[PDB]
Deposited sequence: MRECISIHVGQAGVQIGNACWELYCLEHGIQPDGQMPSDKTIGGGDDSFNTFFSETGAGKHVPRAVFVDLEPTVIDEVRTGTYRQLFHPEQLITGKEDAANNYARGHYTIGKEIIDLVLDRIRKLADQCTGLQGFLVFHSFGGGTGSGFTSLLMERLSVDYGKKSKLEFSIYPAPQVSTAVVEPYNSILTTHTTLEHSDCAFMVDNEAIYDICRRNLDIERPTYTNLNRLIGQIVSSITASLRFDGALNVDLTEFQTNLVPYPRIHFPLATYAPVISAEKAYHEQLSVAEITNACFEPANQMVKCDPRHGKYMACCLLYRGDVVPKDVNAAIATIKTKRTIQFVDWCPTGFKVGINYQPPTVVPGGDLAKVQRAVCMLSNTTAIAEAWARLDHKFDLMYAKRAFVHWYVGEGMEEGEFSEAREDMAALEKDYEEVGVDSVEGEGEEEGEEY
């Protein structure tokens, strides 16, 4: 039981999933060819004798990154009809990924998802990995989610999205794609975690002392975060947090489901020996604004609910002391309608370290997951960018020529503004 199905859409989703699945294989002791020389049933299906296949689907409209998976070290782990390719990529276009190109592949993706979910009996939900800025990872993710919502209904749809930075953005039409995918992931996602690449870059350079990080290190940290999410399903501890407990304790209102991801300790090997990584220290480092995985300031926001996922050599007493010390901090303010906003899970399994990775081996680790009103600032600046690039109607003809119409641009903008308005409505005291 307690299965979950991982979905990786686009180049960002596939490259995050590569690190995620090497981390899961290292955590469960599975060799890259599938052999194990129990508890792996959350992510793996056992076939025949000595063969574990991941419960994942890799989707991209271009075949390049999927061919990297097919010709890489993990050829034997995945079977080829879990790795689905199109012919032409969505080319940074929401309309191409949603209507023109994604519709010839969505049926086979649904067929493979149905075959993958038929062999599982205790399906907790879906994990969706994609980027808001890309054409495929926005449009096809929106189409897949709005179809999964009616095919499955009340299954939890947790997604991990690469949200574009205020400054660091690799494409021009990313505000269009991000707006037109948030217009659908508002109502087709049970919980959506945003990830900002600029924030991961700053975290890498400051904490890990890496001068020139790349996408690989970013995906390693994201895989560590998702491993901390699902470690309660995969292992056992003093306090266990299922996905339903998680959503109940993190989502106060059905539209308010955009928490912030953090991870601690993020440290290097040579800096590991000097630091006494007590529970209180990494708990404090979770709430420190420069360790946020999204470029936003929690001081100018207010916390609503934060979920604390501990793993390793952790006892509940110094955890309770850590929440006591957090509550007596005056710079970390909570809303008046949530007298206690801490959901704590302690897991016995310490986090594994990937060979060749940048993270040091630590006894304890925290993944603090806060629903806060500070996430609306990134939305505000991306809406400023969208309004600037929409006033002159730049790049609109590409979207109009691929089957989508200008009314969708408009209604996505008022939808996104209404979401912001709901956020300052729930942020204010009474």
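Absence of C-alpha coordinates is noted for several segments of the deposited sequence, namely 38-46, 440-451.
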